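Shown here: final-v8.cif, mmCIF, C-alpha atoms and all ligand atoms.
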```cif
data_start
#
loop_
_atom_site.label_atom_id
_atom_site.label_comp_id
_atom_site.auth_asym_id
_atom_site.auth_seq_id
_atom_site.Cartn_x
_atom_site.Cartn_y
_atom_site.Cartn_z
CA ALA A 1 0.00 0.00 0.00
CA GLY A 2 1.76 3.10 -1.30
CA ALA A 3 4.97 1.16 -1.98
CA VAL A 4 4.76 1.79 -5.74
CA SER A 5 4.21 5.52 -5.25
CA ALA A 6 7.21 5.89 -2.92
CA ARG A 7 9.43 3.87 -5.26
CA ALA A 8 8.17 5.91 -8.23
CA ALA A 9 8.80 9.20 -6.40
CA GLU A 10 12.38 8.10 -5.69
CA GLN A 11 13.07 7.24 -9.34
CA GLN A 12 11.34 10.39 -10.63
CA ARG A 13 13.39 12.59 -8.31
CA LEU A 14 16.62 11.20 -9.76
CA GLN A 15 15.41 11.74 -13.33
CA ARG A 16 14.49 15.38 -12.65
CA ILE A 17 17.99 15.92 -11.23
CA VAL A 18 19.59 14.38 -14.33
CA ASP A 19 17.36 16.34 -16.70
CA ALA A 20 18.16 19.53 -14.77
CA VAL A 21 21.86 19.35 -15.60
CA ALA A 22 21.25 17.76 -19.01
CA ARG A 23 19.16 20.66 -20.28
CA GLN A 24 22.02 23.00 -19.32
CA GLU A 25 24.52 20.86 -21.26
CA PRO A 26 22.84 18.13 -23.35
CA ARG A 27 25.88 17.35 -25.53
CA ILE A 28 27.42 15.06 -22.86
CA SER A 29 26.10 12.06 -20.95
CA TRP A 30 24.90 12.35 -17.34
CA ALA A 31 23.78 9.98 -14.60
CA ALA A 32 22.55 10.23 -11.02
CA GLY A 33 22.16 7.52 -8.41
CA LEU A 34 20.99 7.07 -4.83
CA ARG A 35 23.45 5.40 -2.47
CA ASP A 36 22.30 2.68 -0.09
CA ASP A 37 22.35 5.13 2.84
CA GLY A 38 19.14 6.52 1.33
CA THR A 39 20.37 10.13 1.48
CA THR A 40 23.44 10.55 -0.78
CA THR A 41 22.59 11.44 -4.39
CA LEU A 42 25.65 11.05 -6.63
CA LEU A 43 25.83 12.97 -9.92
CA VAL A 44 28.33 12.25 -12.70
CA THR A 45 29.24 12.93 -16.29
CA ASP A 46 31.88 10.99 -18.22
CA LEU A 47 33.46 14.16 -19.64
CA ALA A 48 36.51 13.81 -17.38
CA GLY A 49 36.36 11.16 -14.64
CA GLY A 50 33.70 12.90 -12.52
CA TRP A 51 34.59 16.57 -13.01
CA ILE A 52 31.59 18.87 -13.54
CA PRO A 53 32.21 21.75 -15.99
CA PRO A 54 31.74 25.28 -14.61
CA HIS A 55 28.88 26.36 -16.89
CA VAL A 56 26.53 23.72 -15.40
CA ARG A 57 24.72 24.71 -12.21
CA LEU A 58 23.98 21.82 -9.84
CA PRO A 59 20.70 20.90 -8.12
CA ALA A 60 20.51 21.06 -4.34
CA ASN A 61 21.95 18.26 -2.21
CA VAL A 62 23.94 16.34 -4.84
CA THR A 63 27.32 14.73 -4.14
CA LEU A 64 30.18 14.45 -6.62
CA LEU A 65 32.88 11.87 -7.22
CA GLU A 66 36.07 12.74 -5.38
CA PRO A 67 39.10 13.67 -7.52
CA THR A 68 40.95 10.42 -8.16
CA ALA A 69 42.36 8.96 -11.36
CA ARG A 70 39.65 6.96 -13.14
CA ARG A 71 39.91 5.01 -16.36
CA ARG A 72 39.13 6.87 -19.57
CA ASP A 73 36.57 4.35 -20.84
CA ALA A 74 34.22 4.24 -17.84
CA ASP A 75 30.69 5.24 -18.80
CA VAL A 76 28.24 7.12 -16.58
CA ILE A 77 26.76 3.87 -15.25
CA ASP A 78 30.19 2.56 -14.24
CA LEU A 79 31.07 5.93 -12.68
CA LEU A 80 28.04 5.80 -10.36
CA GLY A 81 29.37 2.68 -8.66
CA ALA A 82 27.08 0.98 -6.16
CA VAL A 83 23.62 2.59 -5.97
CA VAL A 84 20.02 1.49 -5.38
CA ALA A 85 18.41 3.59 -8.15
CA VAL A 86 19.73 5.03 -11.42
CA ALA A 87 18.70 7.70 -13.94
CA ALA A 88 20.70 8.86 -16.95
CA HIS A 89 20.83 11.05 -20.06
CA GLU A 90 22.56 10.04 -23.28
CA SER A 91 24.50 12.80 -25.03
CA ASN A 92 22.47 14.82 -27.58
CA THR A 93 19.07 13.57 -26.39
CA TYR A 94 16.54 16.39 -26.35
CA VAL A 95 15.52 17.59 -22.88
CA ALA A 96 12.16 19.19 -22.16
CA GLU A 97 11.93 22.81 -21.08
CA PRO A 98 11.79 23.10 -17.28
CA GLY A 99 8.58 23.41 -15.33
CA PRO A 100 7.73 24.25 -11.72
CA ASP A 101 8.98 20.83 -10.52
CA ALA A 102 12.54 21.28 -11.79
CA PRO A 103 15.04 21.14 -8.90
CA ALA A 104 16.44 24.46 -7.72
CA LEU A 105 20.04 24.91 -8.86
CA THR A 106 21.47 25.79 -5.44
CA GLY A 107 23.88 22.91 -4.99
CA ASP A 108 27.17 24.14 -6.46
CA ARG A 109 28.74 25.51 -3.27
CA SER A 110 28.26 22.37 -1.18
CA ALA A 111 28.91 19.90 -4.01
CA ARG A 112 32.17 21.49 -5.15
CA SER A 113 33.58 22.30 -1.67
CA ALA A 114 34.13 18.71 -0.48
CA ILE A 115 37.80 18.58 -1.56
CA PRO A 116 40.47 19.42 1.06
CA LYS A 117 42.55 22.50 0.33
CA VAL A 118 45.32 21.65 -2.12
CA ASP A 119 48.79 21.86 -0.60
CA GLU A 120 50.60 25.09 -1.56
CA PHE A 121 47.63 26.15 -3.68
CA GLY A 122 49.26 29.29 -5.08
CA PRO A 123 52.64 27.87 -6.10
CA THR A 124 50.90 24.75 -7.41
CA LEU A 125 48.76 26.78 -9.82
CA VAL A 126 51.70 28.91 -11.01
CA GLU A 127 53.78 25.78 -11.66
CA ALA A 128 50.91 24.19 -13.59
CA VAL A 129 50.63 27.27 -15.80
CA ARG A 130 54.40 27.40 -16.32
CA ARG A 131 54.61 23.80 -17.55
CA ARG A 132 51.57 23.87 -19.90
CA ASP A 133 52.51 24.89 -23.44
CA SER A 134 48.94 24.95 -24.80
CA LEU A 135 47.55 27.72 -22.56
CA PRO A 136 46.55 31.07 -24.09
CA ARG A 137 48.50 34.25 -23.40
CA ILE A 138 45.91 35.50 -20.89
CA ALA A 139 46.69 32.56 -18.59
CA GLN A 140 50.40 33.40 -18.53
CA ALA A 141 49.51 37.07 -18.06
CA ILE A 142 47.29 36.92 -14.97
CA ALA A 143 48.11 33.60 -13.28
CA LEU A 144 50.47 35.22 -10.77
CA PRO A 145 48.33 38.38 -10.25
CA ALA A 146 45.33 36.13 -9.55
CA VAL A 147 47.30 34.15 -6.95
CA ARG A 148 48.69 37.35 -5.40
CA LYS A 149 45.13 38.80 -5.39
CA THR A 150 46.37 42.10 -6.83
CA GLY A 151 43.34 42.50 -9.10
CA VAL A 152 43.14 42.33 -12.89
CA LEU A 153 41.69 44.58 -15.56
CA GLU A 154 38.20 44.16 -16.99
CA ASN A 155 39.51 43.42 -20.48
CA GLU A 156 41.63 40.69 -18.89
CA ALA A 157 38.60 39.11 -17.21
CA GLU A 158 36.72 39.41 -20.52
CA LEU A 159 39.52 37.70 -22.46
CA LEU A 160 39.83 34.96 -19.83
CA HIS A 161 36.12 34.19 -20.04
CA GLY A 162 36.27 34.28 -23.83
CA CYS A 163 39.03 31.67 -23.75
CA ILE A 164 37.07 29.52 -21.28
CA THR A 165 34.04 29.59 -23.58
CA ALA A 166 36.23 28.69 -26.56
CA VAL A 167 37.87 25.63 -25.00
CA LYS A 168 34.44 24.58 -23.70
CA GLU A 169 33.14 24.56 -27.28
CA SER A 170 36.30 22.91 -28.62
CA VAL A 171 36.01 20.08 -26.09
CA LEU A 172 32.25 19.53 -26.26
CA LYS A 173 32.25 19.47 -30.06
CA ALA A 174 35.03 16.86 -30.06
CA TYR A 175 33.23 14.77 -27.40
CA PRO A 176 33.29 11.87 -26.97
CA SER A 177 36.63 11.93 -28.85
CA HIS A 178 37.96 14.94 -26.93
CA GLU A 179 41.57 15.24 -25.78
CA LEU A 180 42.06 15.31 -22.02
CA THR A 181 44.82 17.81 -22.84
CA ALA A 182 42.17 20.37 -23.79
CA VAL A 183 40.08 19.44 -20.75
CA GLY A 184 43.06 20.15 -18.50
CA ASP A 185 43.41 23.60 -20.06
CA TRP A 186 39.70 24.17 -19.43
CA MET A 187 40.24 23.25 -15.77
CA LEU A 188 43.23 25.56 -15.28
CA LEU A 189 41.44 28.50 -16.88
CA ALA A 190 38.38 27.79 -14.72
CA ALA A 191 40.56 27.90 -11.60
CA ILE A 192 41.95 31.31 -12.59
CA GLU A 193 38.47 32.75 -13.15
CA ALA A 194 37.16 31.47 -9.82
CA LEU A 195 40.25 32.98 -8.19
CA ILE A 196 39.72 36.49 -9.56
CA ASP A 197 36.04 36.16 -8.55
CA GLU A 198 37.10 35.44 -4.93
CA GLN A 199 35.66 31.91 -5.09
CA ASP A 200 38.80 30.28 -3.71
CA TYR A 201 37.02 27.00 -2.93
CA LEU A 202 36.03 26.74 -6.60
CA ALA A 203 39.60 27.46 -7.73
CA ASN A 204 40.63 24.67 -5.36
CA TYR A 205 38.05 22.32 -6.91
CA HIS A 206 39.30 22.92 -10.45
CA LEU A 207 42.98 22.77 -9.48
CA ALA A 208 42.51 19.45 -7.68
CA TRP A 209 40.76 17.96 -10.71
CA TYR A 210 43.50 19.32 -12.99
CA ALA A 211 46.10 17.27 -11.09
CA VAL A 212 44.31 13.93 -11.48
CA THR A 213 43.34 14.71 -15.09
CA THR A 214 46.94 15.39 -16.18
CA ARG A 215 48.59 12.63 -14.13
CA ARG A 216 51.04 10.33 -15.90
CA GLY A 217 50.91 6.54 -15.65
K K B 301 23.91 13.90 -1.69
#
```
Could you write out this file's structure as structure tokens?
Amino acid sequence: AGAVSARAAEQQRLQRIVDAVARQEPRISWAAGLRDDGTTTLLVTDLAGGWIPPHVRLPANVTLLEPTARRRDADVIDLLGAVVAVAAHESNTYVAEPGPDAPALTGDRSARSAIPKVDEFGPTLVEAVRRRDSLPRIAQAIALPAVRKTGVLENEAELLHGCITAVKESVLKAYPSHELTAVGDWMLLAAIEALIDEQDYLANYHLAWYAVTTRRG
């Protein structure tokens, strides 16, 4: 009595969460699952081992995969691991326009703040920029000012965001045959932008994911 309705509500909640991020970025695959504790909702895409790109806002109360090296070929189902309910979105499927029941996109701060502070955050970012040949000039120009918190010019913030948008489009158009090289650049640029916006925990999130994305064998 009422068991079907409760089970249905649980599955429908996961699908609304998936469709909420999918309609923001439908060109990549997504999945969400409920852990056996009954309270942890895990959200993944296979773009880069569990990293969530910055232009996607997250529903409330979702949990992300922690930054660890994961195999390139794992699909969204494999990335969820052990769960008791699953919903997914295949890349390039059409997603309906949102209605009143769409989940509120308030979950970015909590979801992306679960990573401990990277050791020597500032020097680590500057070293990463130094050793990356593929970065645009704006990254070399304001990496150290962003770490020193001296402030940058508006045209420099505009150029940085223009380069973030460009690598986003380069990567998502090459998906699923994208180069993790370009994804790493996307992550480093995203860390710089969060830094100049005083969102240091976001810069930490992107820097931590950069390290596992660019790790050697
Ligand atoms: K959760």
Subject >> Pick from A:104, A:118, A:56, A:34, whichever lies nearest to residue 84 in chain A using all atoms listed in the file >> reply: A:34
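If all atoms listed in the file are the atoms counted, then among A:49, A:111, A:3, A:30 the closest residue to ligand K 301 (chain B) is A:111.
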**OP:** Could you give me, as a list in words, every polymer residue with an atom at most 12 Å away from an atom of ligand K 301 (chain B), counting only C-alpha atoms and all ligand atoms?
**Re:** residues 14, 17, 32, 33, 34, 35, 36, 37, 38, 39, 40, 41, 42, 43, 44, 58, 59, 60, 61, 62, 63, 64, 65, 107, 108, 110, 111, 112 and 114 of chain A
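Take the candidates A:99, A:156, A:192, A:167 and check each one against residue 143 in chain A using only C-alpha atoms; the shortest distance goes to A:192.
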**OP:** Can you work out the spacing between CA of residue 91 in chain A and CA of residue 21 in chain A in Å, to one decimal?
**Re:** 11.8 Å
Subject >> CA of residue 197 in chain A to CA of residue 139 in chain A, straight-line distance in Å >> reply: 15.1 Å
Subject >> Neighbour residues at most 12 Å from (40.2, 31.6, -19.2) (only C-alpha atoms) as a PyMOL selection string >> reply: chain A and resi 54+129+135-143+146+155-168+184-196
Would you mind exporting C-alpha atoms of the selected residues as a PDB file, keeping the file's coordinate frame?
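As a result, out19.pdb now contains:
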```pdb
ATOM      1  CA  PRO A  54      31.740  25.280 -14.610  1.00  0.00           C
ATOM      2  CA  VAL A 129      50.630  27.270 -15.800  1.00  0.00           C
ATOM      3  CA  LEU A 135      47.550  27.720 -22.560  1.00  0.00           C
ATOM      4  CA  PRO A 136      46.550  31.070 -24.090  1.00  0.00           C
ATOM      5  CA  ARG A 137      48.500  34.250 -23.400  1.00  0.00           C
ATOM      6  CA  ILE A 138      45.910  35.500 -20.890  1.00  0.00           C
ATOM      7  CA  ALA A 139      46.690  32.560 -18.590  1.00  0.00           C
ATOM      8  CA  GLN A 140      50.400  33.400 -18.530  1.00  0.00           C
ATOM      9  CA  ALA A 141      49.510  37.070 -18.060  1.00  0.00           C
ATOM     10  CA  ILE A 142      47.290  36.920 -14.970  1.00  0.00           C
ATOM     11  CA  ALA A 143      48.110  33.600 -13.280  1.00  0.00           C
ATOM     12  CA  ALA A 146      45.330  36.130  -9.550  1.00  0.00           C
ATOM     13  CA  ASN A 155      39.510  43.420 -20.480  1.00  0.00           C
ATOM     14  CA  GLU A 156      41.630  40.690 -18.890  1.00  0.00           C
ATOM     15  CA  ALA A 157      38.600  39.110 -17.210  1.00  0.00           C
ATOM     16  CA  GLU A 158      36.720  39.410 -20.520  1.00  0.00           C
ATOM     17  CA  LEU A 159      39.520  37.700 -22.460  1.00  0.00           C
ATOM     18  CA  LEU A 160      39.830  34.960 -19.830  1.00  0.00           C
ATOM     19  CA  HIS A 161      36.120  34.190 -20.040  1.00  0.00           C
ATOM     20  CA  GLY A 162      36.270  34.280 -23.830  1.00  0.00           C
ATOM     21  CA  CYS A 163      39.030  31.670 -23.750  1.00  0.00           C
ATOM     22  CA  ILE A 164      37.070  29.520 -21.280  1.00  0.00           C
ATOM     23  CA  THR A 165      34.040  29.590 -23.580  1.00  0.00           C
ATOM     24  CA  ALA A 166      36.230  28.690 -26.560  1.00  0.00           C
ATOM     25  CA  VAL A 167      37.870  25.630 -25.000  1.00  0.00           C
ATOM     26  CA  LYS A 168      34.440  24.580 -23.700  1.00  0.00           C
ATOM     27  CA  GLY A 184      43.060  20.150 -18.500  1.00  0.00           C
ATOM     28  CA  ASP A 185      43.410  23.600 -20.060  1.00  0.00           C
ATOM     29  CA  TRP A 186      39.700  24.170 -19.430  1.00  0.00           C
ATOM     30  CA  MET A 187      40.240  23.250 -15.770  1.00  0.00           C
ATOM     31  CA  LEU A 188      43.230  25.560 -15.280  1.00  0.00           C
ATOM     32  CA  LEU A 189      41.440  28.500 -16.880  1.00  0.00           C
ATOM     33  CA  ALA A 190      38.380  27.790 -14.720  1.00  0.00           C
ATOM     34  CA  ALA A 191      40.560  27.900 -11.600  1.00  0.00           C
ATOM     35  CA  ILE A 192      41.950  31.310 -12.590  1.00  0.00           C
ATOM     36  CA  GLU A 193      38.470  32.750 -13.150  1.00  0.00           C
ATOM     37  CA  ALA A 194      37.160  31.470  -9.820  1.00  0.00           C
ATOM     38  CA  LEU A 195      40.250  32.980  -8.190  1.00  0.00           C
ATOM     39  CA  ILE A 196      39.720  36.490  -9.560  1.00  0.00           C
TER      40      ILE A 196
END
```
**OP:** Might you pull out every residue within 12 Å of residue 97 in chain A, with all atoms listed in the file counted and same-chain residues fewer than 3 positions away left off, and present them as an MDAnalysis selection string?
**Re:** chainID A and resid 16 19:24 94 100:102
Original post:
Which polymer residues have any atom within 9 Å of an atom of residue 126 in chain A, counting all atoms listed in the file, with same-chain residues fewer than 4 positions away left out, as a list in words?
Top reply: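 Answer for this query is residues 121, 122, 130, 131, 140, 143, 144 and 147 of chain A.
The closest residue to residue 48 in chain A, picked from A:87, A:8, A:74, A:115 and counting all atoms listed in the file, is A:74.
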Exercise on range 63-75 of chain A, axis-aligned box with 6 Å per side, report centre and edge lengths in Å to one decimal, as AutoDock Vina command-line options:
```
--center_x 34.8 --center_y 9.5 --center_z -12.5 --size_x 27.0 --size_y 22.5 --size_z 28.7
```
Write only N, CA, C and O atoms for range 45-64 of chain A from the block just shown, as a PDB file, in the first residue's frame.
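File produced: selection_27.pdb:
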```
ATOM      1  N   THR A  45      29.129  13.001 -14.847  1.00  0.00           N
ATOM      2  CA  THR A  45      29.238  12.928 -16.295  1.00  0.00           C
ATOM      3  C   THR A  45      30.560  12.242 -16.612  1.00  0.00           C
ATOM      4  O   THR A  45      31.477  12.220 -15.788  1.00  0.00           O
ATOM      5  N   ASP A  46      30.655  11.664 -17.808  1.00  0.00           N
ATOM      6  CA  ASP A  46      31.879  10.988 -18.218  1.00  0.00           C
ATOM      7  C   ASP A  46      32.818  11.901 -18.998  1.00  0.00           C
ATOM      8  O   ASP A  46      33.747  11.410 -19.651  1.00  0.00           O
ATOM      9  N   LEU A  47      32.596  13.217 -18.936  1.00  0.00           N
ATOM     10  CA  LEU A  47      33.459  14.161 -19.641  1.00  0.00           C
ATOM     11  C   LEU A  47      34.911  14.024 -19.198  1.00  0.00           C
ATOM     12  O   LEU A  47      35.824  14.019 -20.032  1.00  0.00           O
ATOM     13  N   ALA A  48      35.146  13.900 -17.890  1.00  0.00           N
ATOM     14  CA  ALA A  48      36.508  13.806 -17.376  1.00  0.00           C
ATOM     15  C   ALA A  48      36.563  13.193 -15.981  1.00  0.00           C
ATOM     16  O   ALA A  48      36.960  13.861 -15.022  1.00  0.00           O
ATOM     17  N   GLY A  49      36.165  11.926 -15.859  1.00  0.00           N
ATOM     18  CA  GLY A  49      36.363  11.164 -14.638  1.00  0.00           C
ATOM     19  C   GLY A  49      35.541  11.581 -13.439  1.00  0.00           C
ATOM     20  O   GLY A  49      35.827  11.124 -12.328  1.00  0.00           O
ATOM     21  N   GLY A  50      34.526  12.422 -13.619  1.00  0.00           N
ATOM     22  CA  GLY A  50      33.703  12.898 -12.519  1.00  0.00           C
ATOM     23  C   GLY A  50      33.714  14.400 -12.332  1.00  0.00           C
ATOM     24  O   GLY A  50      32.935  14.917 -11.514  1.00  0.00           O
ATOM     25  N   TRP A  51      34.574  15.115 -13.048  1.00  0.00           N
ATOM     26  CA  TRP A  51      34.587  16.569 -13.008  1.00  0.00           C
ATOM     27  C   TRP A  51      33.309  17.122 -13.629  1.00  0.00           C
ATOM     28  O   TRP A  51      32.790  16.577 -14.607  1.00  0.00           O
ATOM     29  N   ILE A  52      32.791  18.195 -13.048  1.00  0.00           N
ATOM     30  CA  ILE A  52      31.592  18.869 -13.543  1.00  0.00           C
ATOM     31  C   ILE A  52      32.013  20.211 -14.115  1.00  0.00           C
ATOM     32  O   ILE A  52      32.624  21.021 -13.400  1.00  0.00           O
ATOM     33  N   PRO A  53      31.715  20.510 -15.384  1.00  0.00           N
ATOM     34  CA  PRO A  53      32.206  21.746 -15.986  1.00  0.00           C
ATOM     35  C   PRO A  53      31.562  22.970 -15.338  1.00  0.00           C
ATOM     36  O   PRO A  53      30.451  22.879 -14.792  1.00  0.00           O
ATOM     37  N   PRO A  54      32.227  24.126 -15.394  1.00  0.00           N
ATOM     38  CA  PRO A  54      31.743  25.280 -14.613  1.00  0.00           C
ATOM     39  C   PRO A  54      30.430  25.866 -15.103  1.00  0.00           C
ATOM     40  O   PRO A  54      29.716  26.487 -14.306  1.00  0.00           O
ATOM     41  N   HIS A  55      30.083  25.705 -16.378  1.00  0.00           N
ATOM     42  CA  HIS A  55      28.884  26.360 -16.886  1.00  0.00           C
ATOM     43  C   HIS A  55      27.604  25.607 -16.547  1.00  0.00           C
ATOM     44  O   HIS A  55      26.520  26.059 -16.930  1.00  0.00           O
ATOM     45  N   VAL A  56      27.696  24.489 -15.832  1.00  0.00           N
ATOM     46  CA  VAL A  56      26.531  23.723 -15.404  1.00  0.00           C
ATOM     47  C   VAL A  56      26.303  23.994 -13.924  1.00  0.00           C
ATOM     48  O   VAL A  56      27.188  23.746 -13.098  1.00  0.00           O
ATOM     49  N   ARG A  57      25.121  24.513 -13.592  1.00  0.00           N
ATOM     50  CA  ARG A  57      24.723  24.714 -12.206  1.00  0.00           C
ATOM     51  C   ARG A  57      24.050  23.453 -11.679  1.00  0.00           C
ATOM     52  O   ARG A  57      23.280  22.803 -12.393  1.00  0.00           O
ATOM     53  N   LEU A  58      24.354  23.104 -10.406  1.00  0.00           N
ATOM     54  CA  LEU A  58      23.976  21.817  -9.836  1.00  0.00           C
ATOM     55  C   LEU A  58      22.731  21.932  -8.965  1.00  0.00           C
ATOM     56  O   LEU A  58      22.569  22.919  -8.238  1.00  0.00           O
ATOM     57  N   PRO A  59      21.848  20.935  -9.030  1.00  0.00           N
ATOM     58  CA  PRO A  59      20.701  20.903  -8.117  1.00  0.00           C
ATOM     59  C   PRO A  59      21.142  20.764  -6.668  1.00  0.00           C
ATOM     60  O   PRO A  59      22.263  20.351  -6.359  1.00  0.00           O
ATOM     61  N   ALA A  60      20.229  21.122  -5.770  1.00  0.00           N
ATOM     62  CA  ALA A  60      20.510  21.058  -4.344  1.00  0.00           C
ATOM     63  C   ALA A  60      20.789  19.625  -3.901  1.00  0.00           C
ATOM     64  O   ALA A  60      20.207  18.668  -4.420  1.00  0.00           O
ATOM     65  N   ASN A  61      21.716  19.491  -2.950  1.00  0.00           N
ATOM     66  CA  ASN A  61      21.948  18.255  -2.206  1.00  0.00           C
ATOM     67  C   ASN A  61      22.470  17.115  -3.076  1.00  0.00           C
ATOM     68  O   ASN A  61      22.142  15.952  -2.833  1.00  0.00           O
ATOM     69  N   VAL A  62      23.287  17.406  -4.081  1.00  0.00           N
ATOM     70  CA  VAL A  62      23.944  16.345  -4.837  1.00  0.00           C
ATOM     71  C   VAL A  62      25.388  16.231  -4.369  1.00  0.00           C
ATOM     72  O   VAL A  62      25.993  17.196  -3.889  1.00  0.00           O
ATOM     73  N   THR A  63      25.940  15.030  -4.505  1.00  0.00           N
ATOM     74  CA  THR A  63      27.316  14.731  -4.138  1.00  0.00           C
ATOM     75  C   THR A  63      28.078  14.329  -5.391  1.00  0.00           C
ATOM     76  O   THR A  63      27.514  13.699  -6.292  1.00  0.00           O
ATOM     77  N   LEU A  64      29.350  14.706  -5.457  1.00  0.00           N
ATOM     78  CA  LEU A  64      30.179  14.452  -6.624  1.00  0.00           C
ATOM     79  C   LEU A  64      31.235  13.401  -6.310  1.00  0.00           C
ATOM     80  O   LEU A  64      31.591  13.168  -5.152  1.00  0.00           O
TER      81      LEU A  64
END
```
